[PDB]
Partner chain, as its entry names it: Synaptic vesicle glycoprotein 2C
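First, one chain by itself in structure tokens, the form deposited without its partner chain.
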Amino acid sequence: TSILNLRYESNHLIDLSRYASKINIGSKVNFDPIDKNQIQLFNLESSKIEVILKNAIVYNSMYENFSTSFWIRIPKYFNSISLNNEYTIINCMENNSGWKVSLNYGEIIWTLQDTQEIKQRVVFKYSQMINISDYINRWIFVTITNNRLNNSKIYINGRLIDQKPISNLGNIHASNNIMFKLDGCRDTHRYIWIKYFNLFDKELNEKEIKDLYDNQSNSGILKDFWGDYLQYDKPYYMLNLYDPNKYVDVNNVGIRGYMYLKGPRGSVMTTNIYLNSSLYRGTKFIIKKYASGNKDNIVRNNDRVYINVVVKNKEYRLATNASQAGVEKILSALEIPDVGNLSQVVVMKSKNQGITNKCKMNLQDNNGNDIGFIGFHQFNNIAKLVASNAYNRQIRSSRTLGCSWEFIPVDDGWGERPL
């Protein structure tokens, strides 16, 4: 259905569509080594990608419908230089006609203009004054559809955000090429991550957009907070979606100690620019390889692993004694050499047979049996972390649960200073 399918095939970025439009990569374009489909464009002159569209698919019409989709990770806007400064990022305008995607402080703009100076804009806006943002510095799926008879629509993660009429626009003659480059951006350290760009010769419907969203999600691979693939041997600050205001801490190390959700999660801010909940708090978790010959360091849907915990700069092993009384098994931080026969094998999870689910850690005993998903339980006003089979069952519901976690690694797009 796509007339343009930009994907990193072999060792080059090409167009997997039947048209095979030529692609020129500037010398300052960065590709994520662990997932070369993710492209990083800096606010630097030669950090650009130009797509030369086959003359056959260049838009030039009064009634042809078309859409476009792609994922993007926009770093948090850090200071006043980014206020009121709309910069283009994907340009298909030629002689002031065609389309283009732009950004500005807290927004993603779509622009359509015909050859008679008649134009329309569709915008998505998100705030940087929020505890936990689904959008800031995280991979978002953007979809823009255009029905020449009535409206243009912008979707974010499969849901309709806004729509505007375009029926009054006459002939639109877009550009022969598409320029992916930060244009007119005043912030010298600005950049964006983008991947899976597509172009369609029709107005995608809600269902098609959803299937596009679910399929390009790679549901078989776990993701960290930013939406990147979850990795092994990579320290992560933990976030429990059920109770975001707290962070993981360790009472004491050892079998007679425990892990719990401590006091108030802080806030990070830059006056007049952003105010969000602190994300680099608590004892870090490191996913360790168990009985695996994993070449890459990517964590997949049913991988069996070990969870190391960092306490006062020393790594310990997450474990528990399942013989413990009660359904909820309280977890502890064990000296690695002394884990003995304690349960410690964790099955990572990204989906149920089933759909997405945030509960991603199912502890198993040494007999290959479920102890339960890792979450937390209230023990006399103390929220200790536990592995509970109760979670498994209630999962009959895809809502946020006590076992819904988020792994957050340090990222430059967030800008918070750790420790």
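Residue numbers count along the first chain shown, from 1.
One more form of this protein, deposited with its partner chain bound, exists but is not displayed; see below.
Under a 4.5 angstroms non-hydrogen atom cutoff, its partner chain in the entry with it bound lacks residue 218 among its neighbouring residues. Within this chain, residue 78 lines the site of its partner chain in the entry with it bound, having a heavy atom no more than 4.5 Å away.
For residue 323, no non-hydrogen atom is located within 4.5 Å of its partner chain in the entry with it bound, even though that partner is not displayed. Of the heavy atoms in residue 170, none are within 4.5 Å of its partner chain in the entry with it bound. Here the marked residues 271, 274 and 281 all reach its partner chain in the entry with it bound, each with a heavy atom within 4.5 angstroms. This chain is displayed without its partner chain, yet in the entry with it bound the stretch 263-271 from 300-308, 232-240, 263-271, 174-182 comes within 4.5 Å of it by heavy atoms.
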